[PDB]
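**Student:** Residue numbers (my numbering), protein chains in the order written: chain B, 146 to 451; chain C, 146 to 451; chain P, 159 to 162; chain S, 159 to 162. The C-beta atom is built at its ideal place from N, Cα and C for all residues, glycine as well.
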Amino acid sequence: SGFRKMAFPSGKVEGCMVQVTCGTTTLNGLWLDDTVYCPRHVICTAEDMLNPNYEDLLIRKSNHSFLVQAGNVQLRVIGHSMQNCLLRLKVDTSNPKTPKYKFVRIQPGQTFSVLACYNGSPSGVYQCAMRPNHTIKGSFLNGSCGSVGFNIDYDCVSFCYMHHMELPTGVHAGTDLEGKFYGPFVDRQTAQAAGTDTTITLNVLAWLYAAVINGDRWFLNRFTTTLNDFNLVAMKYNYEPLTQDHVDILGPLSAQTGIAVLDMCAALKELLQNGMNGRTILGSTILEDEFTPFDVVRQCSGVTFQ
Amino acid sequence: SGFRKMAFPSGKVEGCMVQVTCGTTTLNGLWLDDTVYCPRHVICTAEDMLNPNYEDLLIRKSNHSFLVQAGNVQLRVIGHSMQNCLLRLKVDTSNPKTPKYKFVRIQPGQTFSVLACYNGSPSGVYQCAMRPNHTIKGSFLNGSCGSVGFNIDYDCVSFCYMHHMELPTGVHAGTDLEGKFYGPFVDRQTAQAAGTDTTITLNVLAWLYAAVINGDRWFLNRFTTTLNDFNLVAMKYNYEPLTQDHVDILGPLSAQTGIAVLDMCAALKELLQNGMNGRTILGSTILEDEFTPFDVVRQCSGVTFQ
Amino acid sequence: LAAX
Amino acid sequence: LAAX
Numbered sequence: 146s147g148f149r150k151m152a153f154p155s156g157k158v159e160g161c162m163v164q165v166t167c168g169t170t171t172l173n174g175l176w177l178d179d180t181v182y183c184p185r186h187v188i189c190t191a192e193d194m195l196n197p198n199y200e201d202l203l204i205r206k207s208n209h210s211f212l213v214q215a216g217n218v219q220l221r222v223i224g225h226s227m228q229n230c231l232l233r234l235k236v237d238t239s240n241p242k243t244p245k246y247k248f249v250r251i252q253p254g255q256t257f258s259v260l261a262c263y264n265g266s267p268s269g270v271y272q273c274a275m276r277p278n279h280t281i282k283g284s285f286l287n288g289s290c291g292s293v294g295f296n297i298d299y300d301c302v303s304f305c306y307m308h309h310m311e312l313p314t315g316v317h318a319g320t321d322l323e324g325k326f327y328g329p330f331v332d333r334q335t336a337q338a339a340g341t342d343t344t345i346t347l348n349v350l351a352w353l354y355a356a357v358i359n360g361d362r363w364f365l366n367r368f369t370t371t372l373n374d375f376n377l378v379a380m381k382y383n384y385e386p387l388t389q390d391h392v393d394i395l396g397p398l399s400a401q402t403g404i405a406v407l408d409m410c411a412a413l414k415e416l417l418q419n420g421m422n423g424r425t426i427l428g429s430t431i432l433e434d435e436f437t438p439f440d441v442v443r444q445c446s447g448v449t450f451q
Numbered sequence: 146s147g148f149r150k151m152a153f154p155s156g157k158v159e160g161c162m163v164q165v166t167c168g169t170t171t172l173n174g175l176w177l178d179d180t181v182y183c184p185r186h187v188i189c190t191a192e193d194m195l196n197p198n199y200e201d202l203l204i205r206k207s208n209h210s211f212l213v214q215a216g217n218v219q220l221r222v223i224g225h226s227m228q229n230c231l232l233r234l235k236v237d238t239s240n241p242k243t244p245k246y247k248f249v250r251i252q253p254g255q256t257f258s259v260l261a262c263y264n265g266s267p268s269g270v271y272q273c274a275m276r277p278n279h280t281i282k283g284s285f286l287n288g289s290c291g292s293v294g295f296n297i298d299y300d301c302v303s304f305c306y307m308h309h310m311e312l313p314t315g316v317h318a319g320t321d322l323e324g325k326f327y328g329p330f331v332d333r334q335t336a337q338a339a340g341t342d343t344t345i346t347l348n349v350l351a352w353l354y355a356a357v358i359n360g361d362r363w364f365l366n367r368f369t370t371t372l373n374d375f376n377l378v379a380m381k382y383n384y385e386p387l388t389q390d391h392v393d394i395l396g397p398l399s400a401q402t403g404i405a406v407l408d409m410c411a412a413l414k415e416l417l418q419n420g421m422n423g424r425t426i427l428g429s430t431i432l433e434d435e436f437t438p439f440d441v442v443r444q445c446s447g448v449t450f451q
Numbered sequence: 159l160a161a162x
Numbered sequence: 159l160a161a162x
């Protein structure tokens with residue numbers, strides 16, 4: 146029993162973390178086989194960040210312009226290319242700790258574990274969600290750039306995030322492992338800001354199922370709703386609209402608890418209109434939206450406390 | 146910027162996790178050097194749990210009564226002893242992945258990372274606090290017994306918790322790595338229940354400092370308090386009393402923000418009496434008590450956003 | 159109150 | 159809005 150924001154175990158990722166220095170900038174890189182991935186802005190100084198041309202800054206670099214350090218061992222760079230907003234550094238050694246891996250592009254609403262690193266040394270691990278506005282609410286200090294996000298299926302690490310920047314609101318932006326950013330953001334210091342965010346409806350719903358699987362039914366009601374009547378309520382409370390596809394995904398959780406999705410949607414609709422007042426769900430005073438349906442199935446018992 | 150419940154990176158601990166089977170009971174064990182630690186109730190069946198005599202049940206076991214599996218490799222048990230509520234199993238192989246380590250007994254209010262495991266395979270990592278009532282609010286299913294809690298300093302793992310049981314409230318109980326339980330609990334299935342819990346005052350205070358270091362001052366006031374007048378308020382709101390030693394520990398955080406501890410105590414006192422109403426602190430609707438002063442220093446910038 |  |  147219990148329900149916690151839970152990260153994947155981080156050791157497969159830890160044995161991949163290195164330090165990358167170009168000139169006076171130092172940050173983290175990801176070492177798989179004979180490649181090290183990192184943010185291209187490692188080639189930038191503070192003044193170039195205002196208006197950098199990366200093609201022009203990069204061509205001025207050689208292989209020995211880059212220092213890669215794995216523990217106390219220096220890796221020798223023997224090739225380098227730019228891929229979108231990443232650098233790919235070829236090194237003289239394959240990482241012997243390379244796990245089975247994939248590079249995936251995560252969709253808004255999905256969750257992943259972040260291994261926060263400074264100087265190529267892992268310092269902590271936490272879970273977060275890709276927000277609808279393409280930011281993550283992370284915890285990152287100077288030097289965390291090139292820290293990665295990942296999920297783990299069996300023994301395969303699916304890398305989905307590399308850290309690049311912090312926006313003026315205190316939330317975070319970065320790229321997949323192809324160097325393509327999440328959201329309309331760019332790796333230069335300009336006036337750019339998080340777009341307006343919305344609550345992830347699918348997740349809230351899933352976490353209400355989680356509550357039921359663990360044994361709580363207090364927020365249920367005798368009502369049902371149409372998909373469309375729910376969305377008229379949703380949209381006034383700044384929830385994402387629910388789609389038939391989201392209703393579909395909730396099938397297994399629906400089947401485990403015997404609660405019809407649109408019946409749980411009526412239950413949510415009532416929580417939005419009436420509040421919780423004094424009452425908690427799974428320990429929480431508020432409606433939580435950073436657990437996917439998948440996160441709930443993975444963590445909860447397959448057997449409902451009826 | 147940002148502030149998250151953060152776990153230590155789990156890889157040093159992951160390479161220590163094994164599976165221990167006695168008869169039909171399977172659970173997790175911790176493999177350091179030539180020893181594997183696990184809950185002594187691995188020698189128990191469901192009917193013995195009601196009233197077990199472990200000295201009598203154990204003497205009926207041989208070394209080959211125990212199967213230890215590390216990955217797909219069988220370890221051979223070559224010695225066994227009981228230590229309090231743990232078994233120590235000697236094996237034919239030293240763990241080559243043994244980190245630098247210590248066994249520590251954690252104090253109520255302190256935090257640690259849990260690596261939840263099933264069948265000796267790590268499945269997730271999260272942070273929690275030793276509650277004043279000696280329970281943890283974990284997330285654990287059948288088969289999680291022998292999952293460990295730990296903190297990491299430099300490259301030394303300080304193990305402080307092994308998981309044993311779940312109480313009827315859904316919260317969790319277990320032991321240090323000497324097999325001595327936290328709180329008045331015993332490894333038998335009896336009517337025993339969590340004692341009444343209290344909020345960890347020191348932690349709430351620390352997390353108010355965290356808010357200030359990250360740039361928020363809204364909950365501050367022009368008042369101050371005596372240590373004693375605060376505790377009269379504390380105690381009516383079910384907070385632990387604050388001591389001069391707790392006031393002391395808050396010194397560095399006090400010094401970083403320029404807010405006198407008893408001035409932050411007046412600020413808390415006012416939050417208790419007046420509520421927050423509509424407002425959040427570090428994203429939170431409620432007063433958070435699962436970050437120590439140490440957790441705040443470790444995670445926050447050393448430079449205040451003034 | 160189960161051993162887990 | 160800093161690169162980190």
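Is there a C-beta anywhere in chain B that falls below 9 Å from the one on C/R362?
**Tutor:** Output row for C/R362: interface = no.
**Student:** List the endpoints of the continuous beta strand (DSSP E) containing C/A274.
**Tutor:** Element bounds for C/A274: 266 to 274.
**Student:** Compute the Euclidean distance between the alpha carbons of B/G174 and C/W363, then round it to the nearest angstrom.
**Tutor:** Rounded to whole angstroms, B/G174 to C/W363 spans 38 Å at the Cα level.
**Student:** Put B/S226 into one of helix, strand or coil per three-state DSSP.
**Tutor:** Residue state, collapsed to three classes: strand.
**Student:** Which residue's Cα is closest to the Cα of residue 90 of chain C: B/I251, B/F450, B/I204, B/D390?
**Tutor:** As displayed, chain C neither begins before 146 nor continues past 451, which places residue 90 of chain C out of reach and without an answer.
**Student:** For a test of your reading of the model: does the CB of C/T314 fall under 8 Å from any non-hydrogen atom of the ligand ZN? Yes or no.
**Tutor:** In the structure on display, the ligand ZN does not appear, and there are no ligands present to speak of.
**Student:** Leaving out five residues before and five after C/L231 in sequence, what residues of the same chain have Cβ atoms less than 8 Å from its Cβ?
**Tutor:** Result list for C/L231: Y182, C183, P184, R185, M307, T320, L322, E323, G324, in chain order.
**Student:** Since B/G283 meets chain C, which of its residues come closer than 8 Å, beta carbon to beta carbon?
**Tutor:** Ordered by position in chain C, the residues that pass the 8 Å Cβ test against B/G283 are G147, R149.
**Student:** Just the chain P side, please: which residues come within less than 7 Å of C/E385 by C-beta, in chain order?
**Tutor:** The premise fails here: C/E385 is roughly 26 Å from chain P at the closest Cβ pair, so nothing lies under 7 Å.
**Student:** Would you kindly report the start and end of the unbroken beta strand (DSSP E) that includes C/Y263?
**Tutor:** C/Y263 -> beta strand (DSSP E) spans 256 to 263.
**Student:** Got a sec? Which residues, its chain only, sit under 8 Å from C/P154 by beta carbon, not counting five neighbours each side?
**Tutor:** Cβ within range, chain order: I297.
**Student:** State the DSSP-derived secondary structure class of B/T180, mapped to helix, strand or coil.
**Tutor:** Correct three-state label for B/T180: strand.
**Student:** By a C-beta neighbour count over all protein chains shown, 10 Å radius and 16 as the cutoff for buried, is C/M380 buried or exposed?
**Tutor:** Classification for C/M380: exposed.
**Student:** If you measure beta-carbon to beta-carbon, which residues of the stretch 222 to 236 of chain C are closer than 9 Å to chain P?
**Tutor:** Hits within the stretch: zero.
**Student:** Per DSSP, which one or two residues make a beta bridge with C/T344?
**Tutor:** Note: C/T344 sits in a beta bridge opposite C/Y384.
**Student:** Check whether the Cβ of B/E311 lies closer than 9 Å to any Cβ atom in chain S.
**Tutor:** At least one chain S Cβ lies under 9 Å of B/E311.
**Student:** Measuring alpha carbon to alpha carbon, tell me which of C/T346, C/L234, C/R233 ends up nearest C/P277.
**Tutor:** For C/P277, the nearest C-alpha among the options comes from C/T346.
**Student:** Can you find the residues in the same chain that come closer than 8 Å, C-beta to C-beta, to C/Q219, ignoring five residues on each side of it along the sequence?
**Tutor:** Around C/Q219: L212, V213.
**Student:** Quick one: Cα of B/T180 to Cα of B/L234, how far?
**Tutor:** Their backbone Cα atoms lie some 5 Å apart in a straight line.
**Student:** Quick check: the Cα distance between B/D332 and B/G224, rounded to an integer number of angstroms?
**Tutor:** B/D332 and B/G224: Cα-Cα distance of roughly 23 Å.
**Student:** For C/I431 and chain B, any beta-carbon pair shorter than 9 Å?
**Tutor:** Yes, C/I431 lies at the interface with chain B (some Cβ there is under 9 Å from its Cβ).
**Student:** Below 7 Å on C-beta distance, what does B/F153 contact in chain C?
**Tutor:** Per Cβ cutoff of 7 Å: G269.
**Student:** What did DSSP end up calling C/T314 once you bin it into helix, strand or coil?
**Tutor:** Coil, per DSSP.
**Student:** Which residues mark the beginning and the end of the beta strand (DSSP E) in which B/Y199 is found?
**Tutor:** It is not in any beta strand (DSSP E) - B/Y199 instead sits in the alpha helix (DSSP H) that spans 199 to 204.
**Student:** Please look up how many angstroms separate the CB atoms of B/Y271 and B/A152, rounded, as I've assumed it's under 8 Å.
**Tutor:** The Cβ separation is near 6 Å, so the contact holds.
**Student:** Is there at least one Cβ from chain B nearer than 9 Å to C/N359's Cβ?
**Tutor:** It does: the Cβ of C/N359 has a partner Cβ on chain B nearer than 9 Å.
**Student:** Residues in the stretch 395 to 417 of chain B with C-beta within 9 Å of chain C's C-beta atoms, listed in sequence order?
**Tutor:** Hits within the stretch: zero.
**Student:** Nearest by alpha-carbon distance to B/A405: which of B/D300, B/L177, B/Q334, B/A351 is it?
**Tutor:** The candidate whose alpha carbon is nearest that of B/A405 is B/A351.
**Student:** In terms of DSSP beta bridges, what is B/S303 paired with?
**Tutor:** DSSP output for B/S303 lists B/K247, B/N296 as bridge partner(s).
**Student:** Taking C-beta pairs closer than 7 Å, name the residues in chain P that C/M194 reaches, listed in chain order.
**Tutor:** Per Cβ cutoff of 7 Å: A161.
**Student:** Go to C/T402, then tell me how far its alpha helix (DSSP H) extends in each direction, as first and last residue.
**Tutor:** It spans 396 to 402 - the alpha helix (DSSP H) in which C/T402 sits, taken as one unbroken run.
**Student:** By Cβ distance, which residues of its chain are closer than 7 Å to C/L203, with the 5 residues on each side in sequence left out?
**Tutor:** Closer than 7 Å at Cβ, skipping near neighbours: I188, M227.
**Student:** Looking at the secondary structure, which residues open and close the alpha helix (DSSP H) in which C/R443 lies?
**Tutor:** Residues 438 to 444.
**Student:** Please report whether the beta-carbon of B/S446 lies at a distance below 9 Å from any beta-carbon of chain C.
**Tutor:** For B/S446, the answer is yes, since a Cβ of chain C falls inside 9 Å of its Cβ.
**Student:** Could you tell me whether the Cβ of B/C273 comes closer than 9 Å to any Cβ of chain C?
**Tutor:** Chain C, which has a Cβ nearer than 9 Å to the Cβ of B/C273, makes this yes.
**Student:** With 16 other CB atoms within 10 Å as the buried threshold, where does C/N376 fall?
**Tutor:** Buried: at least 16 other Cβ atoms inside 10 Å.
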